[PDB]
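Q: Here it is, the structure in full.
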Amino acid sequence: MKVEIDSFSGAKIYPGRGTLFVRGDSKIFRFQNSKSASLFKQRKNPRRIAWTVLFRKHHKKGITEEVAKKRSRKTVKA
Amino acid sequence: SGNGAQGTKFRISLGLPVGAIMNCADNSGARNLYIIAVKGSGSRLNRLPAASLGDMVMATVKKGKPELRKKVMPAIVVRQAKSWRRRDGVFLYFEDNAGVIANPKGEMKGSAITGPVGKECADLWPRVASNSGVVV
Amino acid sequence: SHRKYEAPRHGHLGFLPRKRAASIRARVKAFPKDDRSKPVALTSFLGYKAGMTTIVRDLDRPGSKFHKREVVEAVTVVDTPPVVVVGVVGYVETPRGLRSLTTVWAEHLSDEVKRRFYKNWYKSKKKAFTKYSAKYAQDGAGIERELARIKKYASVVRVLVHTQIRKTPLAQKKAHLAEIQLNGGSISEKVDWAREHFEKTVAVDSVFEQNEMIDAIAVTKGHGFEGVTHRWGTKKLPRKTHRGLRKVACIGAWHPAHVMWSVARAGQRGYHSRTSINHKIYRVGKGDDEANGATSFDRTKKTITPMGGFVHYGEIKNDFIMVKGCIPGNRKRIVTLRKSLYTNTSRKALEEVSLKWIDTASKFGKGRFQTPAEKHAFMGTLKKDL
Amino acid sequence: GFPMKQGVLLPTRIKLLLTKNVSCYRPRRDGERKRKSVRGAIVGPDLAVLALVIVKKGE
RNA sequence: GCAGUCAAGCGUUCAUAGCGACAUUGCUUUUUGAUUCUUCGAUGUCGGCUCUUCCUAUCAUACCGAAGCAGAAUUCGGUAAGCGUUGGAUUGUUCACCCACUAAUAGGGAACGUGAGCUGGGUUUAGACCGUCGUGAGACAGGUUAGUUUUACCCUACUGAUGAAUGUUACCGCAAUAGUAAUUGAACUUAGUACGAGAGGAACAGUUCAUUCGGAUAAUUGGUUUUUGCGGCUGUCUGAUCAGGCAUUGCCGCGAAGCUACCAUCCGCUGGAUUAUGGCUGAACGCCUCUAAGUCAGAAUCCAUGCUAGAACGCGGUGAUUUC
RNA sequence: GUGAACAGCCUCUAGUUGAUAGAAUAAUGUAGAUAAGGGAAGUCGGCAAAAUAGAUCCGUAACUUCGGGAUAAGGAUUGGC
Ligand SMILES: [Mg+2]
Ligand SMILES: [Mg+2]
Ligand SMILES: [Mg+2]
Ligand SMILES: [Mg+2]
Ligand SMILES: [Mg+2]
Ligand SMILES: [Mg+2]
Ligand SMILES: [Mg+2]
Ligand SMILES: [Mg+2]
Ligand SMILES: [Mg+2]
Ligand SMILES: [Mg+2]
Ligand SMILES: [Mg+2]
Ligand SMILES: [Mg+2]
Ligand SMILES: [Mg+2]
Ligand SMILES: [Mg+2]
Ligand SMILES: [Mg+2]
Ligand SMILES: [Mg+2]
Ligand SMILES: [Mg+2]
Ligand SMILES: [Mg+2]
Ligand SMILES: [Mg+2]
Ligand SMILES: [Mg+2]
Ligand SMILES: [Mg+2]
Ligand SMILES: [Mg+2]
Ligand SMILES: [Mg+2]
Ligand SMILES: [Mg+2]
Ligand SMILES: [Mg+2]
Ligand SMILES: [Mg+2]
Ligand SMILES: [Mg+2]
Ligand SMILES: [Mg+2]
Ligand SMILES: [Mg+2]
Ligand SMILES: [Mg+2]
Ligand SMILES: [Mg+2]
Ligand SMILES: [Mg+2]
Ligand SMILES: [Mg+2]
Ligand SMILES: [Mg+2]
Ligand SMILES: [Mg+2]
Ligand SMILES: [Mg+2]
Ligand SMILES: [Mg+2]
Ligand SMILES: [Mg+2]
Ligand SMILES: [Mg+2]
Ligand SMILES: [Mg+2]
Ligand SMILES: [Mg+2]
Ligand SMILES: [Mg+2]
Ligand SMILES: [Mg+2]
Ligand SMILES: [Mg+2]
Ligand SMILES: [Mg+2]
Ligand SMILES: [Mg+2]
Ligand SMILES: [Mg+2]
Ligand SMILES: [Mg+2]
Ligand SMILES: [Mg+2]
Ligand SMILES: [Mg+2]
Ligand SMILES: [Mg+2]
Ligand SMILES: [Mg+2]
Ligand SMILES: [Mg+2]
Ligand SMILES: [Mg+2]
Ligand SMILES: [Mg+2]
Ligand SMILES: [Mg+2]
Ligand SMILES: [Mg+2]
Ligand SMILES: [Mg+2]
Ligand SMILES: [Mg+2]
Ligand SMILES: [Mg+2]
Ligand SMILES: [Mg+2]
Ligand SMILES: [Mg+2]
Ligand SMILES: [Mg+2]
Ligand SMILES: [Mg+2]
Ligand SMILES: [Mg+2]
Ligand SMILES: [Mg+2]
Ligand SMILES: [Mg+2]
Ligand SMILES: [Mg+2]
Ligand SMILES: [Mg+2]
Ligand SMILES: [Mg+2]
Ligand SMILES: [Mg+2]
Ligand SMILES: [Mg+2]
Ligand SMILES: [Mg+2]
Ligand SMILES: [Mg+2]
Ligand SMILES: [Mg+2]
Ligand SMILES: [Mg+2]
Ligand SMILES: [Mg+2]
């Protein structure tokens, strides 16, 4: 069992959910629902649709503590 | 299906009743395929026979080489726009309808299939598995 | 003349009359053949259809193109809190058929069952079974010689059980009562089991186990008055036709000069009693088990109740039977789950199913998240959090 | 047997246009670039071999 | 139109495998005639659509017997009407004829079923063109075009729906009668096996799917949108803003709930008695015979099992049973 | 006011707010809409319905009585600021 993600919105597509589209050039598209699919058919651009992962990533929405510091170094001296 | 069907196609939602026209997706000279029959179909008053992905139809060629027109030959559906459901739970659909012209055995007429192809069909006919590029 | 083209008829004549049923609780008209060599157990159970969801499991079907592959499958879920035994009835055989010889009741009966015996519970003095309860206060002579009466006679023996509807999100307040045939051994051992279980409680797993074929007995969802086209699968008449087209064009030939019992007419639709068979049990969940909805493979702590609850039902909190697919009847309705009437081999039965994953996303919309954990993980923090 | 590629996310395969001084490609010719399949950088059940590096010993 | 009896021929030989002359005996009433009993103070004329039921002279499917049955295919026959018998081009068509699928694409009845059920293409009033005929008006089982398809609220039937009265009320049941349902194909395997000189070339058991039908169901996917739920747009009106009104629901994208689709998903039981037929024992008839007595095996049949209703004038068990 | 407009649609003045009423929203209707995939296979017949549509620019066949055919066909564009 794999969870997919919506090629338009970035929602998790749990098994059985959504629909799958095979474009003529054999690119596969997966939608979580009939909403993302209709935008996709409409030639809407996910970067302009506010509620999408691609939007929020691009517009830098809420990535607050991911670009913070960390502790992942080593120590050997061999 | 019937003859040269190696395996047993699980039931896939019907998309192409008699009179549909699908793109001819091989290299044989034919552009389109007009469906006149569905092999192994059954009878119900007023029901039209309908083809699914991987069914063998009878067809005529409406657009194509003149030596390829005005006569009925077998063909095999390779792509479906009507959605359908697989047993792994997914409802999927191609962007066009298309078959390739075949002989009753199930052997193909042209050398290569010019499109993606559904596995339900790939498994079903060997000589189609050969001639395909991307499957599903 | 003659049809001039042959077609099958419409609808099945072994489901007439298509009238409303006599009751919400369809009737178990058959029980499993008795094998008295086995321990005593129930043969049916009571519960309430709550809802459906999706399942993921590998398939084990040597030969099928989907052997050793995951399939996804719909399932119903019926809320089955413990039943409670409050009586036995004993039937004897006569050349006119099976008749009931005596009931024998528990001494104390829950206000749940007591409510079933009334039509205005608030106004009533609730005198039900009050004099019967007295029959115990003796040594007990009468109840004994009644149980005793059952043993000496009585081809078959049934437990009067009833539901604990108060363990159910329903607003119904008025429990459901029913007789279940006891199929364990030795007619005398049967009433002994019965007598022991007065006011006692009996559990679903004592009647069902995983991968069992069970039948479901219930009253279909109702649809009121239906015209001939939907009620019978008739053909729509042409668009051009005067005075309506969800009709039948020829209600009958001239002779017999009578409309016939076999032709379709607009009538009631739905609310029929049905006996669906062969609904494999995919899961027997325990109420007091957080991670009901979990799996060997999933393992996240979560019950089968979807986000926001089963739509129109609530919040399943008791034990439940998960049944492959769909069941006659609709959500919140009393259903009877009955043992199979034959031992199926089928290879389709006997398949020991192992769930990989039970869907738990909301049904009230386009569910996207199994748990509020999962939800928060993906949205991050919102303007309403800490 | 296709290899992973650092920071090329999506646990799937893609066909990329690679250049000299880049992992999963050793050119044959000056100015040679070749379009080759690659497995993504996100671990998934389809992997035959995970490659790992100890950074802190255990007990 | 369908079926016989005699048996001269046909059938390499060989009357009766399969056919059958000369004759001759019949049945049928979807052929056409013959009649003129009923309807002329009107019983709506051809098809087609839709839908139900029925017949069998069986096309397919189950089980059989026969062959000029080696296998495969096919032909003849029995028990059989349980189940099915289709999609299209031309024609108003019935009929016809091709294309195509299919297990098969059987023939018939029911006021030549079926018009207050439709349709109105044909026929068959009034307009009109042609051809033939006629001095003419006009005529033509000649060709052509346009040409109003009315009413149910009654009774009964049918579908569903209440319901007085056999102390009251309540719960749980029984089961008389009635209905009843499943269907057909393929692939793998058997097996390149049995049989055959070869060319070819099966089946039972096992498995995987499918068609046609049926009963549900709505997790999923699709359709529906007055959620007038959110957003957008035009025109105008409220001084502007905010927020809104009006445009027979203004328009558009998304759209939950509900309803809903072989456009979606799930489910569709196993015992017995029989038919044909092949047999056992076994006389009549010292022999011989499946039959006379007795008897075994046996089909998509039948009766149960199951399933639906529950007799509102069929029934059982059970609870409680009023004091101004 | 929008707009080519005495069109449609909204408004000012004036005039109406008359048409039995209540409650529900079964079948079947009548008038209004939508529908996956296919696309006339429906039917006597595309009957009904759907499609098209304004304007600006490009482009425009046979044939012709030279007047036409012609918005032939076929294309692109159109808001706000
Ligand atoms: Mg939707
Ligand atoms: Mg939609
Ligand atoms: Mg098929
Ligand atoms: Mg028809
Ligand atoms: Mg090749
Ligand atoms: Mg017939
Ligand atoms: Mg007694
Ligand atoms: Mg309706
Ligand atoms: Mg249905
Ligand atoms: Mg009309
Ligand atoms: Mg009809
Ligand atoms: Mg003679
Ligand atoms: Mg001979
Ligand atoms: Mg001779
Ligand atoms: Mg005849
Ligand atoms: Mg007379
Ligand atoms: Mg007469
Ligand atoms: Mg008359
Ligand atoms: Mg008359
Ligand atoms: Mg008269
Ligand atoms: Mg009359
Ligand atoms: Mg009459
Ligand atoms: Mg011989
Ligand atoms: Mg026979
Ligand atoms: Mg019949
Ligand atoms: Mg009969
Ligand atoms: Mg036809
Ligand atoms: Mg026709
Ligand atoms: Mg001809
Ligand atoms: Mg025909
Ligand atoms: Mg007649
Ligand atoms: Mg008639
Ligand atoms: Mg009539
Ligand atoms: Mg009429
Ligand atoms: Mg006429
Ligand atoms: Mg005409
Ligand atoms: Mg005339
Ligand atoms: Mg005359
Ligand atoms: Mg005419
Ligand atoms: Mg006219
Ligand atoms: Mg009247
Ligand atoms: Mg009327
Ligand atoms: Mg082989
Ligand atoms: Mg030989
Ligand atoms: Mg059928
Ligand atoms: Mg919906
Ligand atoms: Mg709005
Ligand atoms: Mg504005
Ligand atoms: Mg402002
Ligand atoms: Mg107006
Ligand atoms: Mg069905
Ligand atoms: Mg059954
Ligand atoms: Mg019997
Ligand atoms: Mg013998
Ligand atoms: Mg016999
Ligand atoms: Mg006898
Ligand atoms: Mg005898
Ligand atoms: Mg049967
Ligand atoms: Mg049984
Ligand atoms: Mg009664
Ligand atoms: Mg009674
Ligand atoms: Mg009026
Ligand atoms: Mg009015
Ligand atoms: Mg309506
Ligand atoms: Mg729309
Ligand atoms: Mg459509
Ligand atoms: Mg088209
Ligand atoms: Mg046609
Ligand atoms: Mg066409
Ligand atoms: Mg037709
Ligand atoms: Mg015509
Ligand atoms: Mg015609
Ligand atoms: Mg047309
Ligand atoms: Mg029109
Ligand atoms: Mg449209
Ligand atoms: Mg023109
Ligand atoms: Mg501009």
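Protein chains in written order, with PDB author numbering: chain 7, 1 to 78; chain 6, 2 to 137; chain k, 2 to 387; chain H, 60 to 118. Beta carbons are placed, not taken as given, at the ideal position from N, Cα and C, and that holds for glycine.
1. Sort out for me which residues DSSP pairs residue 25 (chain 6) with in a bridge.
2. Apart from the five residues on each side of it in sequence, which residues of its chain come closer than 7 Å, Cβ to Cβ, to residue 356 (chain k)?
3. Identify every run of the beta strand (DSSP E) within the region 35-120 of chain 6, keeping only runs that are complete inside it and at least 3 residues long; order them along the chain.
4. Chain 7 partners of residue 73 (chain k), CB-CB under 8 Å?
5. Kindly indicate which three-state DSSP category residue 229 (chain k) falls into: helix, strand or coil?
6. Put residue 216 (chain k) into one of helix, strand or coil per three-state DSSP.
7. Can you find at least 3 beta carbon pairs, one from the region 234-249 of chain k and one from the region 201-215 of chain k, that sit closer than 8 Å?
8. Any idea what DSSP makes of residue 206 (chain k), helix, strand or coil?
9. Going along the chain, which unbroken runs of the beta strand (DSSP E) with 3 or more residues stay wholly within the region 97-138 of chain k?
10. Would you say residue 32 (chain 7) reaches chain k, if we count a Cβ-Cβ gap shorter than 8 Å as a contact?
11. Kindly examine ligand 4 and report whether one of its heavy atoms sits closer than 7 Å to the Cβ of residue 138 (chain 6).
12. Mind checking residue 261 (chain k): buried by the 16 CB within 10 Å criterion, or exposed?
13. Here's a check: name, in chain order, each residue in its chain whose Cβ is nearer than 8 Å to the Cβ of residue 229 (chain k), leaving out the five neighbours to either side.
14. According to DSSP, simplified to helix, strand and coil, what is residue 281 (chain k)?
15. Taking the beta strand (DSSP E) that residue 375 (chain k) belongs to, which residues open and close that run?
16. How far does the alpha helix (DSSP H) with residue 52 (chain k) in it reach, from first residue to last?
17. Between which residues of its own chain and residue 313 (chain k) is the CB-CB distance below 6 Å, once the five residues before and five after are set aside?
18. To which residues of the same chain is residue 279 (chain k) closer than 6 Å at the C-beta, ignoring the five residues directly before and after it?
19. Using a Cβ cut-off of 7 Å, pull out every chain k residue sitting near residue 62 (chain 7), in sequence order please.
20. If you measure from the beta carbon of residue 12 (chain 7) to each beta carbon in chain H, is any gap under 8 Å?
21. Go to residue 148 (chain k), then tell me how far its alpha helix (DSSP H) extends in each direction, as first and last residue.
22. Between residue 114 (chain H) and chain 7, is any beta-carbon pair separated by less than 8 Å?
23. Whole angstroms are fine: how far does the CA of residue 225 (chain k) sit from the CA of residue 231 (chain k)?
24. Are the CB atoms of residue 89 (chain 6) and residue 71 (chain k) within a distance shorter than 8 Å?
25. Under a CB-based cut-off of 8 Å, is residue 298 (chain k) close to chain 6?
26. Identify whether residue 193 (chain k) lies in helix, strand or coil by the three-state DSSP scheme.
27. Considering only C-alpha positions, which residue in the set 59 (chain 6), 78 (chain 6), 80 (chain 6), 79 (chain 6) is nearest to residue 71 (chain 6)?
28. Should residue 86 (chain k) and residue 201 (chain k) be called a contact, given that it needs their Cβ atoms to be closer than 8 Å?
29. Name the DSSP beta bridge partners of residue 335 (chain k), please?
30. How would you call residue 337 (chain k), buried or exposed, if buried means at least 16 neighbouring beta carbons within 10 angstroms?
31. When the Cα atoms are used, what is the spatial distance from residue 62 (chain H) to residue 79 (chain H)?
32. Report yes if the C-beta of residue 338 (chain k) is less than 7 Å from at least one heavy atom of ligand 59; otherwise report no.
33. Closest to residue 78 (chain k) by CA distance: which of 328 (chain k), 348 (chain k), 343 (chain k), 363 (chain k) is it?
34. Which residue comes first and which comes last in the beta strand (DSSP E) that contains residue 163 (chain k)?
35. By alpha-carbon positions, which one of 367 (chain k), 342 (chain k), 382 (chain k) ends up nearest to residue 184 (chain k)?
A: Quick answer:
1. Per DSSP, 100 (chain 6).
2. These residues qualify, in order along the chain: 56, 58, 283, 284, 296.
3. 57-61, 73-80, 92-95, 99-102, all fully within the region 35-120 of chain 6.
4. Going along chain 7 in sequence order, the residues near residue 73 (chain k) (Cβ under 8 Å) are 15, 16.
5. Collapsing the DSSP output to three states places residue 229 (chain k) in a helix.
6. If DSSP states are grouped into helix, strand and coil, residue 216 (chain k) belongs with the strands.
7. They do not touch, by the three-pair rule.
8. Three-state DSSP puts residue 206 (chain k) in a helix.
9. Listed in chain order, the beta strand (DSSP E) elements of length 3 or more contained wholly in the region 97-138 of chain k are 98-106.
10. Closer than 8 Å to some Cβ of chain k, the Cβ of residue 32 (chain 7) qualifies, so yes.
11. Shown here, chain 6 extends from 2 to 137; a query on residue 138 (chain 6) therefore has no answer.
12. By the Cβ neighbour-count rule, residue 261 (chain k) is exposed, with fewer than 16 other Cβ atoms within 10 Å of its own.
13. 235, 247, 248, 249, 265, 266, 267, listed in sequence order.
14. Reduced to three states, the DSSP call for residue 281 (chain k) is strand.
15. According to the DSSP assignment, residue 375 (chain k) belongs to no beta strand (DSSP E) but to the alpha helix (DSSP H) extending over 373-380.
16. Unbroken run through residue 52 (chain k) is the beta strand (DSSP E), 45-59; no alpha helix (DSSP H).
17. Hits under 6 Å: 332.
18. Once the five neighbours on either side are set aside, the close Cβ partners of residue 279 (chain k) are 214.
19. Near residue 62 (chain 7) (Cβ distances below 7 Å), the residues of chain k are 381.
20. Under the Cβ criterion of 8 Å, residue 12 (chain 7) is not counted among the residues facing chain H.
21. Element bounds for residue 148 (chain k): 142-153.
22. So, interface residue.
23. Spanning the two alpha carbons is a distance of roughly 12 Å.
24. In this structure, residue 71 (chain k) lies near residue 89 (chain 6), with their beta-carbon atoms less than 8 Å apart.
25. No, its Cβ sits nowhere closer than 8 Å to a Cβ of chain 6.
26. It is helical.
27. Cα-wise, what sits closest to residue 71 (chain 6) is 59 (chain 6).
28. Contact flag set, yes.
29. Residue 335 (chain k) is bridged to 49 (chain k).
30. So residue 337 (chain k) counts as buried.
31. Taking the straight line from one Cα to the other gives about 17 Å.
32. Every heavy atom of ligand 59 is 7 Å or more from the Cβ of residue 338 (chain k), so no.
33. Nearest of 328 (chain k), 348 (chain k), 343 (chain k), 363 (chain k) to residue 78 (chain k), Cα basis: 328 (chain k).
34. 157-163 is the span of the beta strand (DSSP E), which, as asked, contains residue 163 (chain k).
35. That would be 342 (chain k), whose Cα lies nearest to the Cα of residue 184 (chain k).
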